[PDB]
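Trainee:
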Amino acid sequence: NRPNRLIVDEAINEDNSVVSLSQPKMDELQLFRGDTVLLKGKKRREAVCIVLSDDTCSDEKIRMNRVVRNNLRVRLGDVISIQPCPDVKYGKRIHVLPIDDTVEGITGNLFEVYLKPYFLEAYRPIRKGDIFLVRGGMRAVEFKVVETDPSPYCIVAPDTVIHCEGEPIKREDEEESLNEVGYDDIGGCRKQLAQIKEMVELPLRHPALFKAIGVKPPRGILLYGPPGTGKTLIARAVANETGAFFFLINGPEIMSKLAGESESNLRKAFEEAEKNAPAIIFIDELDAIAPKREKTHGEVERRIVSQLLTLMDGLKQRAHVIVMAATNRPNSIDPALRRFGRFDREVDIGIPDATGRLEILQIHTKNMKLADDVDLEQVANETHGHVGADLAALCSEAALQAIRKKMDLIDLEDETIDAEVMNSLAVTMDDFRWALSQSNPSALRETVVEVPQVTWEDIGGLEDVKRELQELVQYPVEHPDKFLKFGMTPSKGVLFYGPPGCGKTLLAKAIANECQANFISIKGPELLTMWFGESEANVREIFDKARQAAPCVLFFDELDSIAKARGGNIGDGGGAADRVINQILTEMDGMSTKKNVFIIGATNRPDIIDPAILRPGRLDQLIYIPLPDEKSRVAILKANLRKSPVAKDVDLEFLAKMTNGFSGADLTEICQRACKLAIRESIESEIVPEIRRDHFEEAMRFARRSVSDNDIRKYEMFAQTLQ
Amino acid sequence: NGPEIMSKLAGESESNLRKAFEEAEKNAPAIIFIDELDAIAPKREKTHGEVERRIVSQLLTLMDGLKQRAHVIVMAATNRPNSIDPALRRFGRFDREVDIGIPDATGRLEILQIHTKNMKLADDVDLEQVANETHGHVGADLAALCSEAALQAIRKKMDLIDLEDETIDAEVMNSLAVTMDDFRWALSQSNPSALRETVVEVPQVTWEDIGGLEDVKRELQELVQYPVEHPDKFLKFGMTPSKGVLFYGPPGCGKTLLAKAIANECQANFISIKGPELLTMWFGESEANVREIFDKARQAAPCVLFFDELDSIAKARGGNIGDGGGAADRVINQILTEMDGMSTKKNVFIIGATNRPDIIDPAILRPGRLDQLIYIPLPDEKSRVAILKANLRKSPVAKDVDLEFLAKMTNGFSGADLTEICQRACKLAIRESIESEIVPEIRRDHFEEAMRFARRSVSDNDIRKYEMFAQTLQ
Ligand SMILES: Nc1ncnc2c1ncn2[C@@H]1O[C@H](COP(=O)(O)OP(=O)(O)O)[C@@H](O)[C@H]1O
Ligand SMILES: Nc1ncnc2c1ncn2[C@@H]1O[C@H](COP(=O)(O)OP(=O)(O)O)[C@@H](O)[C@H]1O
Ligand SMILES: Nc1ncnc2c1ncn2[C@@H]1O[C@H](COP(=O)(O)OP(=O)(O)O)[C@@H](O)[C@H]1O
């Protein structure tokens with residue numbers, strides 16, 4: 021069906037003039053590492069770009085940022101017609117003009133601030149009619165190629181002349197502003213966007229299909245997540261990216277309207293969103309309107325909720341829309357809205373993780389001139405509990421800082437600041453430092469899902485166990501066909517045990533990174549927090565946010581905590597079971613054996629655990645993790661000094677023979693102690729830095745042995761029957 | 270619809286109902302079906318407000334309002350008894366009740382055949398297979414399943430082929446097929462997210478899964494089979510049938526497989542109240558739920574209300590040592606009230622199991638409650654041979670593998686133990702076929738290597754414990 025017709029998918033190379041294709045695809049069309057291509061799309065338009073090779077690209081697709089996509093008048097998924105074009109010769113004269121609605125405010129030399137560094141020996145293959153976008157000066161300006169000498173298209177060579185009639189052009193109707201929202205404006209939310217897409221794909225892109233297929237398209241999508249996540253943002257970008265109409269409904273907006281006029285706006289809204297369908301009616305603060313819980317008091321209040329349920333179902337189905345909504349949590353809303361037929365589909369958008377926050381920052385700085393010393397990653401790595409918005413405001417209070425110094429002290433009072441100036445202004449890693457430093461980091465923080473930021477390189481020794489872990493998790497998911505071959509059902513989870521500080525936790529994380537799964541750590545104190553408050557009900561809440569994030573490894577640290585608390589050794593008249601541990605057994609048993617959630621329980625006190633968690637069907641496998649041996653010790657030091665100023669003369673294999681009854685934790689202690697000397701040095705001389733030998737040998741002075749030989753044996757006798 | 274009428278302005282509400290009934294009497298015979306009943310008539314503590322109150326009354330006057338002359342039937346629906354308002358139960362309105370719990374094995378299967386009876390299913394598609402893995406799935410959860418299962422087989426076939434039209438062709442859709450592989454993806458989604466509540470079902474196991482213990486098997490039928498399939502005789506002599514049994518003995522000997530298998534025999538429902546749930550009530554001081562149970566069991570007869578780890582509450586509170594108090598406790602007590610209350614003449618048989626007879630409240634052994642005490646000892650040389658076969662029935666048993674042999678290798682083992690040794694052989698076999706590729730039939734060198742990590746759950750001390758307990762207990 022013509023191997024010159026592809027499906028436009030998002031891009032990996034953000035450059036305005038690039039369209040990536042797989043290496044095997046470029047061989048079927050016969051194009052090299054730079055062949056200028058001529059792209060053809062709907063609304064009878066064309067564009068010229070540079071083809072490249074992308075491995076992550078399937079032969080069935082062509083990556084292209086939004087500028088490209090827009091100029092063709094296509095949306096992700098459509099069909100376009102590529103074509104080599106080795107006849108485009110260097111242009112002569114190029115007339116480009118800014119668009120009034122992307123300059124209101126800046127003045128001066130546009131040709132110097134934007135245009136110039138843009139084509140600066142870029143040899144960009146533009147066309148007559150294109151609309152490229154240039155960033156810089158804490159903003160983005162859109163230019164429309166009015167006339168190119170080698171019309172219609174030519175390559176921009178350091179010779180080609182460039183005009184700027186300094187008279188901004190109005191925005192043409194069918195020209196969506198590249199200023200609006202799109203998937204390129206959402207960071208860290210991958211798994212989520214994935215789901216949401218295939219959901220609205222067919223219905224919002226291919227209406228007709230349903231005019232003939234007897235299949236019902238999910239009507240309602242509900243978006244979870246705490247305030248800031250960016251539930252709304254996503255919902256809008258979904259519509260702008262599918263061309264679908266978008267009607268926003270704010271919560272207090274409708275609950276502010278006089279009693280009676282309220283049922284009016286909703287009915288009125290829906291009705292009007294059906295008129296421009298396809299569409300996404302996106303309710304903002306759903307819970308402010310529909311929380312029909314114990315909290316349901318009053319006539320107005322009740323009737324309002326009903327008004328919706330009659331409209332949620334009210335979707336004549338004939339109608340062609342999708343109702344997206346958002347809330348702070350399941351319990352906020354009213355159960356009636358979950359009824360299979362309204363908000364049947366749910367998507368959680370928890371806080372951002374390591375890579376997330378980093379991905380976000382690159383989005384909110386993609387317009388300002390960042391300084392060399394600026395370490396974007398650095399920031400992402402210190403903002404443990406930061407939502408999307410908390411990061412945005414961060415860059416704002418971080419740039420406003422680099423402003424109250426540069427052009428502010430220089431001070432350029434005007435009715436409109438110059439653009440050359442703003443492009444010269446730079447924000448330094450030092451300005452961001454000040455941002456965090458403010459009380460702005462006040463980004464709420466709750467239970468955290470993520471990905472393990474550690475590998476097996478951080479785990480010294482214990483190789484025999486490493487592979488064993490993969491035998492319980494790697495095989496059951498990457499070879500499920502075999503597990504049926506024999507019939508036996510995979511173990512539900514493991515239980516690490518042994519002395520404290522031997523990597524029982526590093527293992528639980530590292531194995532999850534291996535399987536690229538989410539990590540969920542329920543630490544001892546949280547088990548106790550529930551235990552003391554008699555709120556073991558929360559346990560259920562956990563297993564859900566785990567199931568709502570498969571693949572995952574629900575991990576329980578200090579599983580013995582509740583026992584030690586209640587006494588442990590002596591204890592009381594009672595026995596092994598207790599309220600929190602019990603609930604986790606109901607959920608661990610309940611939890612569908614056929615899901616993708618693996619439980620790992622760790623304890624440095626196997627001798628007090630409720631023997632019910634070791635029953636088959638729950639935590640079958642019992643794995644013992646002993647202190648480090650002569651070998652492991654050598655690798656542990658290296659693993660805990662990897663990212664440190666290790667002097668050359670320093671002997672590691674040596675210390676491995678100095679210590680014996682040590683655990684990873686102990687060795688680690690001796691390490692920092694060497695560093696607490698090194699920093700005590702460099703800070704002393706100034707008022728020269730590479731941690732050396734005389735440091736460690738002096739750090740052996742205060743060398744301990746967390747694991748006492750008595751206990752040493754304890755685990756030998758426990759790991760007798762336990763084994 | 271419920272919110273339909275509770276959405277209408279105050280006043281216009283009493284209008285629609287009256288208006289509705291009136292119009293349903295005009296075309297009679299008819300069924301006036303109220304959807305979300307509970308959202309209009311839950312007149313409970315939650316009864317706050319004028320409009321709210323008056324609306325409920327408006328109905329009661331219309332429920333009775335059925336001139337009887339009129340010729341209609343008012344069907345209604347709700348999530349549970351406690352949701353509604355008691356006034357609606359008055360003998361004359363909603364006097365008849367029907368429960369439609371979740372679907373069971375055969376159910377889900379029957380359903381799927383209904384929502385695929387229109388699409389071209391692939392050969393590899395195993396409809397049953399699905400029904401067997403959707404433990405907690407309602408009707409709708411299964412329907413959407415086929416939708417997200419067909420939409421998947423679509424975003425590949427004619428979608429990648431792309432046939433953009435104001436209307437797709439029919440030859441095409443008839444060629445399109447949904448594969449067992451597309452369904453796999455469905456379940457795989459977060460869609461299974463149905464519900465999971467107090468589960469009633471039928472025993473998916475027979476006596477073929479229970480090795481040895483034949484003497485007991487027939488005994489079970491003597492307590493349940495005779496009293497229902499020959500009730501004419503039980504009156505012949507006068508004696509009243511025992512209300513229930515109490516299995517006991519070491520852990521992992523089939524005390525549970527027996528309780529299930531006997532219910533399959535009588536084709537009855539199975540209801541398993543496991544230890545942790547007894548404790549859940551015990552810790553929350555919510556032993557009130559106990560009553561809720563015995564009901565969903567009387568509203569499901571025939572049935573076997575089975576209580577596992579009935580000893581749980583005892584061990585918890587201490588058991589051996591314990592505290593200043595006695596054998597009774599709040600949860601166990603409530604079950605005695607309900608077990609005594611529960612009409613002797615119904616069709617609900619109680620089975621209580623415990624691997625610790627020595628701590629049970631001796632009141633449950635009183636006549637009228639759990640009279641019969643049956644001891645289930647570990648497996649003998651014979652039983653062991655049959656257990657292996659029973660636990661390897663659906664497995665890649667090599668030919669050269671000797672079963673009668675292992676039966677002489679193990680002694681102090683219980684069904685559970687033998688079972689452990691089994692999977693261990695398999696955890697080697699799968700560790701094999703997975704290692705070569707990167728050929729599959731479980732052989733002998735596997736088991737003999739699986740005897741390495743062979744245990745003995747039942748220790749000889751305890752062994753004797755049940756000998757001395759089963760001395761007076763018998
Ligand atoms: N994941 C994200 N990617 C890019 N920007 C984000 C993200 N999360 C939050 N933001 C920023 O913070 C604001 C939060 O927006 P919004 O959609 O209204 O969130 P919420 O639904 O929690 O109220 C956005 O306008 C956006 O600029
Ligand atoms: N096997 C190991 N290899 C490298 N470092 C280790 C190892 N075991 C422990 N450590 C060090 O000691 C600390 C103890 O970590 P953790 O696994 O959480 O202890 P545990 O689980 O035994 O309570 C680690 O953060 C790490 O820096
Ligand atoms: N008599 C038996 N025949 C076949 N398998 C058995 C037998 N007894 C125990 N098993 C195996 O061990 C498990 C123990 O089951 P169960 O009846 O629940 O033990 P118990 O009630 O004594 O605690 C079974 O699911 C089964 O796999």
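In order, the protein sequences belong to chains B and C.
The first sequence runs 21 to 707, 728 to 763 under PDB author numbering.
The second sequence runs 270 to 707, 728 to 763 under PDB author numbering.
All residues carry an ideal CB built from backbone N, CA and C; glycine is no exception.
At 9 Å on the CB atoms, spell out the chain C contacts of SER612 (chain B), in chain order.
Mentor: In the first sequence, residue 612 (chain B) corresponds to position 592, counting from 1. Neighbours of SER612 (chain B) on chain C, chain order: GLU402, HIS404, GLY405, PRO461, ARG465.
Trainee: If you compare alpha carbons, which of B:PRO626, B:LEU378, B:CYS695 is closest to residue 716 (chain B)?
Mentor: Absent here is residue 716 (chain B), because the residues of chain B run from 707 on to 728 with nothing modelled in between.
Trainee: From which residue to which residue does the beta strand (DSSP E) around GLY588 (chain B) run?
Mentor: One-based indexing of the first sequence puts residue 588 (chain B) at position 568. Careful: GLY588 (chain B) lies outside any beta strand (DSSP E) and carries neither H nor E.
Trainee: Expressed to the nearest angstrom, what Euclidean distance is found between the alpha-carbon atoms of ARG693 (chain B) and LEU661 (chain B)?
Mentor: Within the first sequence, numbered from 1, the residue matching residue 693 (chain B) stands at position 673. Within the first sequence, numbered from 1, the residue matching residue 661 (chain B) stands at position 641. Near 12 Å, if we compare the C-alpha coordinates of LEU661 (chain B) and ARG693 (chain B).
Trainee: Could you pull out every residue in the same chain whose Cβ sits closer than 8 Å to the Cβ of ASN558 (chain B), ignoring the five residues on either side in sequence?
Mentor: For this step, residue 558 (chain B) is matched to residue 538 along the first sequence. Contacts found: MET550.
Trainee: Please determine whether the Cβ atom of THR525 (chain C) lies at a distance below 6 Å from any heavy atom of ligand 2.
Mentor: Taking the first residue of the second sequence as position 1, residue 525 (chain C) is located at position 256. The answer is no for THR525 (chain C).
Trainee: Is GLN327 (chain B) helix, strand or coil by DSSP?
Mentor: Looking up residue 327 (chain B) in the first sequence gives position 307. Note: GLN327 (chain B) maps to helix in three-state DSSP.
Trainee: Does the Cβ of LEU381 (chain B) have 16 or more other Cβ atoms within 10 Å, making it buried, or fewer, making it exposed?
Mentor: In the first sequence, the residue the question calls residue 381 (chain B) occupies position 361. When all chains shown are included, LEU381 (chain B) counts as buried.
Trainee: At the level of alpha carbons, what is the spacing between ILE690 (chain B) and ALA739 (chain B)?
Mentor: Position 670 of the first sequence, counted from the start, is the residue given in the question as residue 690 (chain B). Position 699 of the first sequence, counted from the start, is the residue given in the question as residue 739 (chain B). Each residue's alpha carbon lies about 6 Å from the other.
Trainee: Measure the C-alpha to C-alpha separation of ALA413 (chain B) and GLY202 (chain B) and round it to an integer number of angstroms.
Mentor: If you number the first sequence from 1, residue 413 (chain B) lands on position 393. If you number the first sequence from 1, residue 202 (chain B) lands on position 182. For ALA413 (chain B) and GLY202 (chain B), the distance between alpha carbons rounds to 20 Å.
Trainee: For chain B, check one thing: does any of its Cβ atoms lie closer than 7 Å to the Cβ of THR679 (chain C)?
Mentor: Position 410 of the second sequence, counted from the start, is the residue given in the question as residue 679 (chain C). Not an interface residue.
Trainee: Please find out if some non-hydrogen atom of ligand 2 comes closer than 6 Å to the beta-carbon of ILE479 (chain B).
Mentor: Numbered from 1 along the first sequence, position 459 holds the residue referred to as residue 479 (chain B). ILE479 (chain B): yes, Cβ under 6 Å from ligand 2.
Trainee: For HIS317 (chain B), does the three-state DSSP call read helix, strand or coil?
Mentor: Taking the first residue of the first sequence as 1, we reach residue 317 (chain B) at position 297. In the three-state reduction of the DSSP assignment, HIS317 (chain B) falls in the coil class, being assigned neither a helical nor a strand state.
Trainee: Is it true that the segment 421 to 438 of chain B meets the segment 492 to 500 of chain B, where meeting means three or more beta-carbon pairs spaced less than 8 Å apart?
Mentor: no
Trainee: So is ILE707 (chain B) buried or exposed if we call it buried at 16+ other beta carbons inside 10 Å?
Mentor: Mapped onto the first sequence, residue 707 (chain B) falls at position 687. Residue environment for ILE707 (chain B): exposed (fewer than 16 other C-beta atoms within 10 angstroms of its C-beta).
Trainee: What does the alpha-carbon distance come out to for the pair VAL474 (chain C) and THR525 (chain C)?
Mentor: Position 205 of the second sequence, counted from the first residue, corresponds to residue 474 (chain C). Position 256 of the second sequence, counted from the first residue, corresponds to residue 525 (chain C). Taking the straight line joining both Cα atoms gives about 11 Å.
Trainee: Return the first residue and the last residue of the alpha helix (DSSP H) that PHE452 (chain B) is part of.
Mentor: The sequence position of residue 452 (chain B) within the first sequence is 432, counting from 1. Note, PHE452 (chain B): alpha helix (DSSP H), 449 to 456.
Trainee: Note the first and the last residue of the continuous beta strand (DSSP E) segment covering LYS164 (chain B).
Mentor: As a working note, residue 164 (chain B) is residue 144 in the first sequence. Unbroken beta strand (DSSP E) run through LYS164 (chain B): 160 to 168.
Trainee: DSSP has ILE189 (chain B) in a bridge; who is on the other side?
Mentor: In the first sequence, counting from the first residue as 1, residue 189 (chain B) sits at position 169. The secondary-structure analysis by DSSP pairs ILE189 (chain B) across a beta bridge with B:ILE119.
Trainee: When you compare each of B:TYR173, B:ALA293, B:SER197, B:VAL258 to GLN215 (chain B) by their alpha carbons, which one comes out closest?
Mentor: Position 195 of the first sequence, counting from 1, holds the residue named residue 215 (chain B). Taking only the C-alpha atoms, the option nearest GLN215 (chain B) is B:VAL258.
Trainee: With DSSP as the reference, identify every bridge partner of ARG424 (chain B), one or two as the case may be.
Mentor: As a first step, residue 424 (chain B) must be located in the first sequence, where it is residue number 404. In DSSP, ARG424 (chain B) forms no bridge with anything.
Trainee: In the DSSP assignment, find the beta strand (DSSP E) that holds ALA299 (chain C) and state where it starts and stops.
Mentor: Here residue 299 (chain C) corresponds to residue number 30 of the second sequence, with the count starting at 1. From DSSP, the beta strand (DSSP E) with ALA299 (chain C) extends over 299 to 305.
Trainee: Please decide whether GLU200 (chain B) counts as near chain C, where near means a Cβ-Cβ distance under 7 Å.
Mentor: In the first sequence, counting from the first residue as 1, residue 200 (chain B) sits at position 180. Not closer than 7 Å to any Cβ of chain C, the Cβ of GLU200 (chain B) fails to qualify, so no.
Trainee: Would you say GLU30 (chain B) faces chain C, with C-beta separation under 7 Å as the test?
Mentor: Here the question's residue 30 (chain B) lines up with position 10 in the first sequence. Interface with chain C (7 Å Cβ-Cβ cutoff): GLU30 (chain B) is excluded.
Trainee: At least one CB of chain C closer than 7 Å to the CB of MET740 (chain B): is that the case?
Mentor: By 1-based counting over the first sequence, the position of residue 740 (chain B) is 700. For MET740 (chain B), the answer is no, since every Cβ of chain C falls outside 7 Å of its Cβ.
Trainee: Using a Cβ-Cβ cut-off of 7 Å (strictly less than) and excluding sequence neighbours within five positions of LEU229 (chain B), which residues of its own chain qualify?
Mentor: Position 209 of the first sequence, counted from the first residue, corresponds to residue 229 (chain B). Closer than 7 Å at the Cβ level, and outside the excluded window around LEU229 (chain B), lie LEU222.
Trainee: Output yes if chain C places a C-beta closer than 7 Å to the C-beta of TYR495 (chain B); else output no.
Mentor: For this step, residue 495 (chain B) is matched to residue 475 along the first sequence. It does; some Cβ of chain C falls within 7 Å.
Trainee: Taking 8 Å as the threshold, find out whether the segment 613 to 625 of chain B comes into contact with the segment 443 to 457 of chain B through three or more Cβ pairs.
Mentor: no
Trainee: Starting from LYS81 (chain B), follow the beta strand (DSSP E) in both directions and report where the run begins and ends.
Mentor: Locating residue 81 (chain B) in the first sequence gives position 61, where the first residue counts as 1. Element bounds for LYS81 (chain B): 81 to 83.
Trainee: Would a check of beta-carbon distances place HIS340 (chain B) closer than 7 Å to chain C?
Mentor: On the first sequence, position 320 is the one that residue 340 (chain B) refers to. No, no contact with chain C.
Trainee: Go ahead and pull the three-state DSSP assignment for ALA31 (chain B).
Mentor: Counted from its first residue, the first sequence places residue 31 (chain B) at position 11. It is coil, neither helix nor strand.
Trainee: Please list the segments of the beta strand (DSSP E) lying wholly inside the segment 600 to 658 of chain B, counting only runs of 3 or more residues, in order along the chain.
Mentor: 619 to 623, 641 to 644
Trainee: Beta carbon of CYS691 (chain B): closer than 6 Å to some heavy atom of ligand 3?
Mentor: Within the first sequence, the letter at position 671 stands for residue 691 (chain B). The answer is no for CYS691 (chain B).
Trainee: Does the beta carbon of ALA446 (chain B) fall short of 6 Å from some heavy atom of ligand 2?
Mentor: Here residue 446 (chain B) refers to the residue found at position 426 when the first sequence is read from its first residue. Checking the Cβ of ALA446 (chain B) against ligand 2 gives no.
Trainee: What residue ranges within the segment 343 to 416 of chain C form continuous beta strand (DSSP E) runs of no fewer than 3 residues, ordered along the chain?
Mentor: none
Trainee: Ligand 2 and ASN660 (chain B): does any heavy atom of the ligand fall closer than 6 Å to the residue's C-beta?
Mentor: The residue given as residue 660 (chain B) occupies position 640 in the first sequence. Result yes, Cβ under 6 Å from ligand 2.
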